[PDB]
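In: Just the structure for this:
(11 chains)
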Amino acid sequence: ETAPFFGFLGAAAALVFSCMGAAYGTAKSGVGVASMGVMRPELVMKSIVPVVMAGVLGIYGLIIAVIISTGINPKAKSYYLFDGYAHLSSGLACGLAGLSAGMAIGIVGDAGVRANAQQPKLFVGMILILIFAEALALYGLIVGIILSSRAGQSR
Amino acid sequence: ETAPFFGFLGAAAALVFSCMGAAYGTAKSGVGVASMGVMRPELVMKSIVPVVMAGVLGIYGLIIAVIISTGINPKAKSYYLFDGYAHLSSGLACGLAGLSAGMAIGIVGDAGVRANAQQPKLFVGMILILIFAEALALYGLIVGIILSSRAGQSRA
Amino acid sequence: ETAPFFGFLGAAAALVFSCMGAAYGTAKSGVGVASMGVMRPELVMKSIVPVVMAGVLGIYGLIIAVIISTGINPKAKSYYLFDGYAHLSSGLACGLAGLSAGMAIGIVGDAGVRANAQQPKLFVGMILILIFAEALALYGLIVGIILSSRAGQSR
Amino acid sequence: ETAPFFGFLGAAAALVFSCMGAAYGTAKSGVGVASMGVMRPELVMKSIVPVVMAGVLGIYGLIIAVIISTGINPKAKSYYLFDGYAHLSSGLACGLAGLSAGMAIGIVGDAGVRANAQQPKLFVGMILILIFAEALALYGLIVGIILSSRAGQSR
Amino acid sequence: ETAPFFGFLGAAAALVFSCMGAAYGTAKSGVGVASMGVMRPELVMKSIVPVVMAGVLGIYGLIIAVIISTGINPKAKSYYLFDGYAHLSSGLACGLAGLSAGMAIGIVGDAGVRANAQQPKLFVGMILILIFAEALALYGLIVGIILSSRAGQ
Amino acid sequence: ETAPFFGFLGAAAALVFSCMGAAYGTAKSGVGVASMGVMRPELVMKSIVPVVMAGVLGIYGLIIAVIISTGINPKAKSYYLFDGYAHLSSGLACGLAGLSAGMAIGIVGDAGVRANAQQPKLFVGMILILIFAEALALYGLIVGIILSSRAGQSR
Amino acid sequence: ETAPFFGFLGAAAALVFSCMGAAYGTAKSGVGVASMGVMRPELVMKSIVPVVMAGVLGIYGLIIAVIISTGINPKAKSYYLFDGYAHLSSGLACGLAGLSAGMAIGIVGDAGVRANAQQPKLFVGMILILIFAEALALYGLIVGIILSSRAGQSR
Amino acid sequence: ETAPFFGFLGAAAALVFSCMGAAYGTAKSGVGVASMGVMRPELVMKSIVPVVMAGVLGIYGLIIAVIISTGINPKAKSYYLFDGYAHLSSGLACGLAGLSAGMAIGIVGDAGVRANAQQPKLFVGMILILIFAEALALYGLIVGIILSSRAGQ
Amino acid sequence: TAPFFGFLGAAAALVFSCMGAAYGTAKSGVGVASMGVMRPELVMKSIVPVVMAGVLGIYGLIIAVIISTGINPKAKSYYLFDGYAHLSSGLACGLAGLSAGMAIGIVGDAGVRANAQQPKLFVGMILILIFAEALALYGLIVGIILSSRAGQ
Amino acid sequence: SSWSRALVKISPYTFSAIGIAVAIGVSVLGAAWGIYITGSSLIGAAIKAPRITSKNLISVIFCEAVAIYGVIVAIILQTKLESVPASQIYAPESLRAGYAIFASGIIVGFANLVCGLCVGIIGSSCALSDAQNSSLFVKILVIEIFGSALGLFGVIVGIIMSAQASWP
Amino acid sequence: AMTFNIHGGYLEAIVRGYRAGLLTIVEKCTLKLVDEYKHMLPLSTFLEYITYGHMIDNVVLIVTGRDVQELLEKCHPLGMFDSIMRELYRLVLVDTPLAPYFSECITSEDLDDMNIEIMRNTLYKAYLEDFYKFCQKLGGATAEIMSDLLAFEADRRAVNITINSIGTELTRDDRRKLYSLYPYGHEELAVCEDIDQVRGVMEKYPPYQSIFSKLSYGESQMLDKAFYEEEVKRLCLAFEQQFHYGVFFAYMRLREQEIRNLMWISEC
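Out: Numbers count the residues shown, from 1 in each chain, chains lettered A, B, ... in the order given. Please find the structure below.
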């Protein structure tokens, strides 16, 4: 009866956690970018990338939430327990993974912003590190999407 | 029949969390601007921007709250049980997005106000960072609207 | 039914949270104003604005609580969970907004107290930020008005 | 039935919270007064004003709690949970407002006592600040009166 | 029914909390008095007063608890919920007020020990502050007494 | 049946809290006396008195606990449920009062050891201060005994 | 049955709490004992004694559990459960008394033995001080098991 | 019955825990690598073992989650509360073990970065240590795979 | 089963006591490292107490094995009173064992410091360690009494 | 009242699976913590020579032995699972078997984690000492062997507890 | 002490190795120690406080006023912190916790920091602020050792004041305040006005007691040489080298003591 309600709640919590992680990463990257711009305006332009990565992670979380919302359909099936359960599990997993990845990427970007100001060479490796960090969140989002695709639990 | 309590709770909570996040961000930005004061008094225009972003986040929160309140019409299409929970989910998403955006905006605005006094040429970068931050609040508002959209179909 | 336990609790909580937030903000502003007055009497005279903001927040919280209490008409209105729920939601929103506004007002008051000694133009500018915070609190209170008006559906 | 439990609990909570807030305010005011007297015993005489204000606020909270409690007469009216809930809400709100007001007023009074020891006009400034802080106690008393009226509104 | 059990528990909580607050305040005042006596024996004599003032709160709490215990009696009336709940709440309020007053009195006692070490008019102001704290404690005790006297049910 | 179990638990609380207070007193007094003996080994004997006072308080608490444990036989004394809970309350209150008195006595004993390092007149005064503090333990024990007797009165 | 369960729970709580407090005191005093022994081997022999005394007190507290194992007799007639709850309370009181007194004794003995490096007679003084509370700990621990054994009559 | 809910919750918890542990280890290792690379950028390019270990942890977590999800086939097996509870707990334990291993490995790599900055022998030693940690993580992954296989019965 | 869980906890509490004493063993080994930094003879002397502490945990494991051998519940039916008694006594023994392990670790650290210095009161340090081990053995023995205290 | 009677009922299969898996997980976590401590110690002393690295390798070998013991415990618990039919998962005998399995897992995993943490701390101190004094290596190996013996004792305890189940 | 195993093990091990490694020339040794600290850059806070004291010395050298920059360069970079006259003292107050108290004591900037007697009071205030910064480590055994060393320094300052600074007209209350928990209260050594009488009371202080012994060199000397033997004992306190604690400041003190011993040896 009320299980799809719990599923929708979990779907919303997914976007909530993704937004929280993205905001933390963005704040760290912004502090680093402010320090770099204080150092040299030239480094400021190259330092925008981590903020874009955090925003992309947030957008991915929002897209997952929108997909979950599309999953809820009264005409699809009558009140069913599994529909809420699978959706809530997928949302919780995706949100937790996104928040953790966002915090890690924020710390990494905060370090890298200071690092790049002294030496520009290490920026290449920092880019790869941030790419791997974002790819972890992308894999988590794909895993969550798999669970959302797992909708036809009954018959 | 007990769903409207949950719906009203979610509608209030969305606005409450959005206001809390906006207040935190605004306080951080104001402290940062006052610190940046005197040293670069001409940077009042730059210092105004984070307050504008916080106000925008607050307005988005109020809009989400108004939409949620409009969604609650028990006179037609009795709320049943899905309506209240859907309203609660939308309100929670909106409030959490608002709080996250407010915290990030406050931190970034403090950093930008600090950077304002020396080498103000990075005002464009600071504004870009603020816009990228407010993009999160915009996405949260969009998600809340999308969630509120599915509310009507749940009546059947 | 259970409406008094909800409505009365919400009405009390609104005033309690608003008073707590306003008190904390006013205490921070008063400490800053004392520092400014030690620095200069003119700054002490100028620093009155955060006290006005705190008083406005407290008055708004009290007004919201009064409206919620006036909403309680058990003789005219049949005992519905929705009627009490609307008042509880309005009270919770008002209290949370008041507490947040009080904390922000205290921070802004300390900042403006420092700025008044720093520069009169800085205090004049920070007045705008204080007004913006007060406007956010007023927006929360206004949303509280819509929440209170939603109680009309219950009779 | 169980309404007297809630009413008596609210009556006790009002007094307890008011006493805690008055204690905090009195402690802060006493610290400030001791500091001022060590600095200047003559100026210490005027420094007692914030302590008097905090004590007056605490007494007013206590008086409101006593008035609310005295209204509860089981022989006067039959068992109704509305009256007990209203009394409990009034007590909780009044106590919380009194506690917050007392703590904030004590902090502000200590700061203003230090400032008055510094400069004379700071005494008037701190008096104005405390008058501003009294708004929280005023709002708490108003909310308590409104809830006491709602208690009689039960039917 | 079983409400007088909760009422006796509340009276005991009143006594315990009042004693705890008063004794904490007395310990703080005693530390201050020891510091003053190390500083000046002239301050030592006056500094004893706050300890007795704090212990007065504990004595009053014990008296109130004894009165509340005397209140509970099956011969006086049959077991009931309202009277026991009211007695328990009155005891809780009195004990909380006494504990808060004792903590404030201890803080004021330390401050007044320092002030008396500073100047005599400072000691007079400290005495006034202690009087205000005692007045707050008395107000709390009176409120609790009235609430107990509201024992009709 | 609810009476004697509760009353025995209250006796347990009495013993526990009296022991905790005596523990605080003894630990603090011994810590102070250890430093005191280094300065003046002869003065160590004078500082031993607070330890004796703490031990006396603990012995009084143990005696009250044994007295409350006595009378557990249902046929021996009349014990209604509220009466046994009243005995529990008596025990708990006496124990807690003794605990607080013991902690205060320990703090005062450390202060008295410090004063013994100072002029011995301060130590003489601190002895009377410690006696006044210890009087609280006797008062609490008397109150607990009186309430336990009132609990013994039952029907 | 309920009474043997509560009685055994309290009897074991006696041993657990008494042993915990005794071991805490033993470690505390042993720190100072080791300090004094490292300072000089002459004081080492005198300072060794309090550690052994604390260990013996803990062993006695543990052994009291074996005695209390016969205090409650499930094989015997089952009386009202309140008697077993009384045994539980007696055991808990004994354990708390042992814990508190042993902790106090060891806390004092820490500084007592540590300061014994300066004066060898300080070792004797510390031994006396530690014993003054260790005896109370052991006495309370034994008295609790004794009361648990005795109160099992239940009229 | 409610078994699919338990199994889905367990799989989600496994994935979330593995992701969080991998993120923490990767953050620590990346911070260490960035700190070490400041002195000599040449050594920084060699410092890719943190990236490799983070990718390995993420891939292991994703594979475990996918395997658990595949096990949820209501059409094939009606399932039971016992089977779902077993599968969920097994997956969650595998994810927790992977998270702990990744966090510890990242903590080690944080200092290993500075060690590599010191000398290449410390670099190869840290490489060996990270290899041992990755072997422990792979053992946990294999345990999770075996546990998922058991869920089939 | 509730009685099965009670007896199992009665044994696992002493097991956890041994596991906690393993922490004191670790502290003793940590101190032994610094002690042997001075002289290898002191290294061996301090290392021996760590081996003894590990042997204590091995003995706890043997006790757990005996408990597992006796774990069969068909022989004896335990009621609420029996299960509560077993669990409480086991928990008390485990708390005593953990406290003894902590004290043993502290004494081992002190003895490691002494061995780092000259011998001096090495006999006294060994006596303190023996007292800690005696407390642990007393707890282990008290466990057996509660283990045998079963039946009607 | 009603809640007290309800709290008794439980599903034994979930408890059996928890005993099978959580013990291995906790052992893995403890081994990871010990390995991290050893790696930090090795990073501290990597300046001088890799003899301390060999000692840390011995400690890592002990941790891997603990992990292998956990894997063996998991395999046994897979085998030690009683018949426990899906229909017959409510008998009190099944509850007793589940309680015994949970006790075995708790005794195994917690002791394994404690031994792993102890081994990690001892190995860190030993690596520091070996870096300090070149002669002192056998003493460090003694502590490492003690930790390994503790882990082996935990493994033997699990092996003994393997035969516990009584479920239908 | 499992927190060391959980985190910070590698840095602590490196610091311990650097400490055990060390058992004109003094300037070179101090510069090498500073380079080791920079390479390294809990125990970190203690090392920071030790560097703060060593930088209070260089700031007092710099707050006054002569090739001052060359003199600072000759000093160790740990002693002469790169981050760092009334303006000079005010700038030194930033990034150095010890400097602001020295500036407060030196009301006339360089004039109130004259190397004869006034610089002694300025450096005493700087050391008091550095001791406050050390106390900002939230206590500990190393904090106890630092408190004992500060008490020894305060006793030495009071003894030197009573010996010579009475002629310098430093007020007895001010000199006691100039001579600084344990350092704060030294009334026993300030009770005796006479230099011979005050020397015994200063030696009665536990930091000075049992260390100075005959004290042919030490307590008789002025400035802060009364506790010279106690300083060597505190160096021997680090010789315990107990692990799992914060002893980076102890390592720096041992390195400084080794440098001082090498300087005292000089030729042959």
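
In: Can you give me the neighbour number for residue K:189?
Out: Other residues near residue K:189 come to 26 when the count uses other CB atoms under 10 Å in any protein chain shown. All C-beta spots, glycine's among them, are computed from the backbone N, C-alpha and C.

In: Now the closest residue to residue K:76 other than its chain neighbours. Its backbone dihedrals?
Out: The shortest distance from residue K:76 to any non-neighbouring residue, by CB to CB, 6 or more residues apart in numbering or on different chains, is to residue K:30 (3.6 Å). As for residue K:30, its main-chain torsions (degrees, to the nearest 10) stand at phi -60, psi -40.

In: residue contacts, residue 146?
Out: The chain I'm using is chain A. Residue A:146 makes contact with H:65-66, H:69 under the criterion CB atoms under 8 Å, 6 or more residues apart in numbering or on different chains.

In: Not quite, go with chain K.
Out: Contact analysis of residue K:146 by CB under 8 Å, 6+ apart lists K:46, K:49, K:131, K:134-135, K:249.

In: go on, residue K:20?
Out: Applying CB under 8 Å, 6+ apart, we find residue K:20 in contact with J:132, K:241.

In: can you tell me how far it sits from residue K:34?
Out: Separation of residue K:20 from residue K:34 (CB to CB, to the nearest Å): 18 Å.

In: can I assume residue J:91 is in contact with residue J:97?
Out: No: the pair residue J:91 and residue J:97 fails to qualify as a contact (CB atoms under 8 Å) at a distance of 9.2 Å.

In: Show me the residue of chain K that gets nearest to chain I, please.
Out: residue K:243 (5.3 Å; CB to the nearest CB).

In: Where does that residue sit: helix, strand or coil?
Out: Three-state call for residue K:243 (DSSP: H, G, I helix; E, B strand; the rest coil): coil.

In: OK, contacts around the closest residue to chain C within the stretch 101-250 of chain K?
Out: Closest approach between the stretch 101-250 of chain K and chain C, counting by CB to the nearest CB: residue K:104, at 19.1 Å. For residue K:104, the contacting residues are residue K:125, by CB under 8 Å, 6+ apart.

In: tell me which element it falls in.
Out: Using DSSP states H and E, the element containing residue K:104 is helix K:99-105.

In: which parts of that helix are buried?
Out: Counting neighbours by 16 or more other CB atoms under 10 Å in any protein chain shown, one finds that the buried residues in helix K:99-105 are K:99-103, K:105.

In: any idea how far it is from the chain center?
Out: Chain-centre distance of helix K:99-105: 15 Å, with CA atoms, centre = their mean, to the nearest Å.

In: What of stretch A:102-117?
Out: Using CA atoms, centre = their mean, the offset of stretch A:102-117 from its chain centre is 17 Å.

In: So is that stretch next to chain H?
Out: Yes: using CB under 8 Å from any CB of the partner chain, stretch A:102-117 reaches chain H at A:103-105, A:107-108, A:111-112, A:115.

In: Secondary structure added to these, as TSV?
Out: Listed next are the residues of stretch A:102-117 next to chain H as TSV, based on three-state DSSP:
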residue	secondary structure
A:103	helix
A:104	helix
A:105	helix
A:107	helix
A:108	helix
A:111	helix
A:112	helix
A:115	helix
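
In: which among those residues gets closest to residue K:153?
Out: residue A:111 (40.2 Å; CB to CB).

In: What residues does that closest one make contact with?
Out: Residue A:111 is in contact with A:32, H:30-31, H:34-35, counting by CB under 8 Å, 6+ apart.

In: ok, now with 7 Å
Out: H:30-31, H:34-35 (CB atoms under 7 Å, 6 or more residues apart in numbering or on different chains).

In: can you count the residues close to residue K:243?
Out: Residue K:243 is flanked by 21 other residues according to other CB under 10 Å.

In: pretty sure residue K:234 is touching residue K:147, no?
Out: No: between residue K:234 and residue K:147 there is no contact, the gap being 11.2 Å when judged by CB atoms under 7 Å.

In: quick one, phi/psi of residue K:213?
Out: phi 60, psi -120.

In: residues near it, how many?
Out: Neighbourhood size, residue K:213 [other CB under 10 Å]: 10.

In: so what's it closest to, chain neighbours aside?
Out: residue K:229 (6.9 Å).

In: Show me which helix runs longest in chain J.
Out: If you go by DSSP state H, chain J has its longest helix at helix J:92-132.

In: So is it next to chain I?
Out: Yes: counting by CB under 7 Å from any CB of the partner chain, chain I has neighbours in helix J:92-132: J:92, J:95-96, J:99-100, J:103, J:106-107, J:110-111, J:114-115, J:118, J:121-122, J:125-126, J:128-129, J:132.

In: following the helix or strand containing residue J:42, which helix or strand comes up?
Out: In this structure, residue J:42 is located in helix J:12-45 according to DSSP H and E. Using DSSP H and E, the helix or strand that directly follows helix J:12-45 along the chain is helix J:51-80.

In: Residue J:151 and residue I:67, how far apart?
Out: From residue J:151 to residue I:67 the distance is 20 Å (CB to CB).

In: How about residue K:20?
Out: 47 Å.

In: give the contact list for the residue lying closest to residue K:114 once chain neighbours are set aside.
Out: Once flanking residues are discounted, residue K:114 sits nearest to residue K:64: 7.8 Å by CB to CB, 6+ apart. Counting by CB under 7 Å, 6+ apart, residue K:64 touches K:110, K:113, K:119.

In: same thing with residue K:17?
Out: Listed by CB under 7 Å, 6+ apart, the contact partners of residue K:17 are J:45, J:47, J:131.

In: In ChimeraX, select just the buried ones from those.
Out: To isolate the buried subset of those in ChimeraX, counting by 16+ other CB under 10 Å, use the following:
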select /J:45,47,131
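
In: Quick check: end-to-end length of stretch K:213-230?
Out: 10 Å (CA to CA, to the nearest Å).

In: what does stretch A:68-82 give?
Out: Using CA to CA, the two ends of stretch A:68-82 sit 14 Å apart.

In: Nearest to chain G: which residue in chain K?
Out: Across chain K, no residue is closer to chain G than residue K:206, which sits at 9.2 Å (CB to the nearest CB).

In: how about that residue, secondary structure?
Out: Going by three-state DSSP, the state assigned to residue K:206 is coil.

In: likewise residue K:184?
Out: Under three-state DSSP, residue K:184 falls in the coil class.

In: Could you measure from it over to residue K:89?
Out: Using CB to CB, we find residue K:184 at a distance of 24 Å from residue K:89.

In: between these two, which one's more packed in?
Out: Each of residue K:184 and residue K:89 has its neighbours counted (other CB under 10 Å); residue K:89 has more, 24 against 15.

In: quick one: what helix or strand has that one in it?
Out: If you go by DSSP H and E, residue K:89 is part of helix K:86-93.

In: In what element of secondary structure is residue 146 found?
Out: The chain I'm using is chain A. helix A:123-149.

In: wrong one, chain K
Out: Per DSSP H and E: helix K:141-160 holds residue K:146.

In: just the contacts of residue K:17 now: which is nearest chain H?
Out: When the contacts of residue K:17 are compared for distance to chain H (CB to the nearest CB), residue J:47 wins out at 6.4 Å.

In: so what's the closest one up against?
Out: H:118, K:17.

In: what are the phi and psi angles of it?
Out: Torsion angles at residue J:47 (phi, psi; degrees, to the nearest 10) stand at phi -60, psi -40.

In: what do you get for residue K:204?
Out: According to degrees, to the nearest 10, residue K:204 has phi -70, psi -20.

In: My guess is it contacts residue K:188. True?
Out: Yes: at 6.1 Å, residue K:204 counts as touching residue K:188 under the criterion of CB under 7 Å.

In: close to chain H, is stretch A:122-135?
Out: Yes: using CB under 7 Å from any CB, we find that stretch A:122-135 touches chain H at A:122, A:125-126, A:128-129, A:132-133.

In: ok, residue J:32 to residue A:83 distance?
Out: Applying CB to CB to residue J:32 and residue A:83 gives a distance of 38 Å.
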